């Protein structure tokens, strides 16, 4: 042996997706479903805060985001942001001791930007986030650094004589498959074309390359894996491009891809100058966002637990 | 109980046989034989001698060159760490020139090795072709192999050489890697709108299933009449025996008609040659003639409709 | 069937009584099954 | 107008081409299928006195000649074969009915015991020496290191009784292998062939089982008109007898089961 | 409602051993079949747990 | 009607069941008890596939109803029915048709069995057939069972079953990485090679260049030994081919048996056991 | 419900080794079978965490 | 079945007592299982 090998027992949990007989179905491990559920547990809310009081911007010195919050509510919001992003470190993580109003430590200029990142998320991307919305926790999980944040990767080494395959390697990025190992930068950072399928049967009006097909395939494998599902979750594989035969999750995923293009482009890249080398990859690019970061292998972060509705301070205006 | 003719239960030896004599021009034969008691457990235990002419040597030569470019490239891709090479081997591969290059001969570091391995591989394959025709002539026999090999070469050429050139892009040929070439297959189907609705690929699939059906049937038959020396198909073909009779009759009583000891080999031959011949046709038309087979099938009303029980609104249209 | 006319009297006897024995165990289990949990 | 979509594209017409070549192919293979066994046997032919030779669709292909090597002959197909009586009688006079073999089923040479008349000459090596010959005729041959030598094992029929013992081993001079077992029969010390296909070994016991026939039946094994070689005719005659025991050697292989 | 019984004679026409395994096999199959039918239906006894569903003895 | 050498073999008996009851021929087909049963299973099956084509998924007047040969399709019930019999017009029909198909194939096999018993030939064919029957059963009985519902079976329709294969395969992201799949594919391919080589050989020797006589066993072996240094030999190639084809069916049956019931994750991920060994 | 004391003759009709091994195979099969049958229902006895969760809270 | 009439009384005896022993182990385990966790 030639060991044998990697295997689950019967019966798997199953779900019918499409019409009977069409083959659109999903299988899953009950064990791992219960463990995943236990690991994707949400932090209970802090009691709502009364008030009825002056606005935060009236009692504090450097409040550029969480303005219209009552003092009480602001305080509540601070306690949540503390346990949510850096509970082992507490208040002092993002503040200059003795001086709550100072921005003299980077983790705060960043915290500020992330208050605008979450607010933007919950109020502008519902076609994506619905009524669950997002919170600090979604990515942080009691951690200062989202465990599942990413960076553009260079692949393994190549002598100077030859250039990288761009694909062809053992990569848990692309589900272990051999497609290209960084299908994120061109799709979840930049906004390259995913579409390769022609809309006409005969040819002469679709320049899509086979290579483009493999890149779309790699990216798709990533996506599938990050939300922890299969193509029948969003598609009808007889026609990947056919939108009417897809599931409303394809629609949601469409809007999500754009959302990650906005998080990575106008909220994370700009923070690259005030962040330390420890938070940067070999090309100087910074740890950014992907679908995994938030979903962490589940179709809805924390199995669609609704955390944000309890904190009004995470919504715009 | 009764022997099944699966395992030679008791074998016998005689001095190895260097074989029927070739006329002048067909060079000596090389190597001197050996017997593997285990091959012998299931088949002729004789290993070789082999023939190697100009053709054969020039083919072994080209072929090993091609295998070296592919391999060396794979070791290079994991940095000459042979451990890593061993670890990702299944995932290692030599990708093709990028499209930016079209059909031009590209730099070493960008695909030129693929074009050289592709070049040398094809030449070595077609030389092995000629080899099998020569080897088939020295014996006065016919070119049935060579017409099949020519069919399989046809598909190969269609995959990595004919379609790429027609499509004006070496990047469309298949890359050398186990898992990589698996991905090329899948990506290939995806890019051209689900290859399942491509009729030629359905026929080729009918012919592959059929090569399995025919060899399974015929093989089962011949073993079932192996008690009558039915395996000795040559003399059952010239002097029909109760083996060829019981054989043809088993099928006659089961499905109503039958063939003969000689003709079943024609059904088999044609069915194998057919896989590769529908297959190549199938690839020939992908991108050159049809770009989206699912669509093609809809245009010819072959694609089924199911109650639309699940659907998604198209964001490109909002 | 290489039986005598009497070894079809004998066999028939053991066969019938045995089959009836089976039917007996059957009425036991179906009886218990109905008592604990009627199905009709 | 630079858009008049044509409804016929290269894939249609190429699938059409395929189907036409296909039909011609099928037909042709079905013609090669009638190079033997044809024209068929009906009571349509006999009722009509013969003006209805049965051949179906397609028709029969012109004879083809096989030129056997070594002064062997010339064979043709399709050929005209002389009818041959049936060693049996209709289980029913109604058509499609089977026939019951006449006499002692294994002797009948009917049913699993039937066989045609192949040449009364021998298959030959490339050189032209009798292909199938015994190891006694084929001096060179030899058992494979680590294989019980069949020579000296006991041949035993289907009901566990000894039949005889292996007196020699016949081999292929063309494709080195055991083709036949020789059996010095116990009951009359006469020599018979036993096809390998009918023989099972019991190596730890040095036995050679035969579910095919009973020990006694070994007495009637068809014989060789020469003990140092065998003819095509004789190979069929030998195997078919054993085959008969598969349906005849017991008053039960006849079936049913229920 | 005619006179001759003596239905023992039945074993003079049908082989007893084969009848035996035929019945034995049939009973085992019919058994698995019926078992599968009731367990896949309402009269099911496994997907219940007495006195309490046991994987709801642990919310945790 | 009979072959010109057939009457001499048309012996009586050999059944498994029936004896003289159905022990007769019809044209060239042998009937026998399992042929009568088979014909019943088959006829009712087909005739029902005909009623399904007649009614369509939404009724005989609906646009989805159809008699177009490419699109007619009878699909299983939803999963909500589990292993219960589902209403006729809700995948029930498919279940019955399945019972008929399985029964017809098993009958067919048993009839080839009675036919081997008659002719006194080996039972290699119906045994080999039984591998396809096995494959069919995992695809309609075993797998959907291990999966708590008959709805996991593939539909009976020319292209709809192709769609089934397609989406079930893609539920695992990249099926090509299924290792049993890789095996099975290799056997189907190798089978296709041996078949093409055997075919070629026999036809290359029994019909040589004009001017040459029927070739010999010596030629046969000398040729493949000339080209590739080995010849497995006549008998054995019939043995190998049977190995390749039956194995191809086998590994297909196991490759699909493990897709669900024994593996739920994507398939390329399986290969993780290889990138994670403590060697690297 | 009483023993026909000529039920020894059953072993004059049915081969002892075959009936025996048949029983062993049938039984071992049913056994492995049932074990999974129960493990597939609510009554699971493995995946319960008794008396304390064995892994951790997570990786820690 | 290659047994004597003298050796099937003996065999049946051994078969019965052994089988019943098995059934005993079974009834025991079903009893312990019912106690630790009744299933009906």
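Here the chain labels run A, B, C, D, E, F, G and H in written order, and each chain numbers its own residues starting at 1.
FYI, a residue touches a chain if its C-beta (ideal position, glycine included) is under 8 Å from a C-beta of that chain, and two chains touch if they have at least 3 such contacts.
Asks: For chain C and chain H, which third chains touch each of them?
Replies: Looking at chain H and chain C together, the chains touching each of them are E, G.
Asks: Just how many steps, at minimum, does a route from chain C to chain F need if it may pass only between touching chains?
Replies: When the steps are counted carefully, the minimum from chain C to chain F is 2.
Asks: I need the chain pair with the most C-beta contacts, please.
Replies: B-F
Asks: Among the chains here, which has the CA centroid at the largest distance from chain D's centroid?
Replies: Checked the centroid distances; the maximum from chain D is A.
Asks: Chain E and chain G share one sequence, so how far apart are they rotationally when you fit their Cα atoms? Give it in degrees, rounded to a multiple of 5.
Replies: 30
Asks: I'd like the most central chain, judged by C-alpha centroids against the all-protein C-alpha centroid.
Replies: Of all chains shown, the one whose C-alpha centroid lies nearest the global centroid is F.
Asks: Report the inter-centroid distance (CA atoms only) between chain B and chain E in whole Å.
Replies: 51
Asks: Nearest whole angstrom, what separates the Cα centre of chain E from the Cα centre of chain H?
Replies: 20
Asks: Can you compute the centre-to-centre distance for chain F and chain H, using the mean CA position of each chain? Integer Å is fine.
Replies: Chain F and chain H have C-alpha centres separated by 43 Å.
Asks: Could you tell me the distance, in whole angstrom, between the mean C-alpha positions of chain B and chain C?
Replies: Computed from C-alpha means, the inter-chain centre distance equals 61 Å.
Asks: Specify, in ascending order, the residues of chain H that touch 2 or more different other chains.
Replies: Within chain H, residues 37, 39-40 contact more than one other chain.
Asks: Where in chain F do residues touch at least two different other chains?
Replies: 3, 5-6, 9, 25, 27, 73, 118-121, 160, 163, 165-166, 174, 177, 206, 214-219, 221, 233-235, 268, 271, 275
Asks: Please output the residue numbers of chain E that touch at least 2 other chains, ranges allowed.
Replies: 14-16, 49, 54
Asks: Quick one: which bits of chain D touch chain F in the complex? Just the residue numbers, please.
Replies: Within the complex, chain D contacts chain F at residues 36-42, 44, 54, 66-70, 72, 81, 84, 86-88, 91-92, 96-101, 110-114, 116, 125-126, 131, 172, 174-175, 177, 243-244, 246-247, 253-258.
Asks: Spell out the residues on chain H that touch chain G in their complex, using ranges where they run on.
Replies: Interface residues on the chain H side: 1, 3, 5, 8-9, 11-13, 15, 37, 39.
Asks: In the complex of these two chains, what residues of chain B are touching chain A?
Replies: Within the complex, chain B touches chain A at residues 73, 76-81, 84, 87-88, 91-93, 95, 98-99, 108-110, 113, 169, 171-172, 175, 177, 179-180, 182-184, 186-188, 190-194, 196-197, 287-296, 298-299, 303, 306-316.
Asks: Using the touch definition from the top, list the residues of chain G that touch chain C in their complex.
Replies: Against chain C, chain G makes touches at 1, 4, 6-7, 9.
Asks: Chain E touches which residues of chain H in the complex?
Replies: Chain H reaches chain E through residues 37-40.
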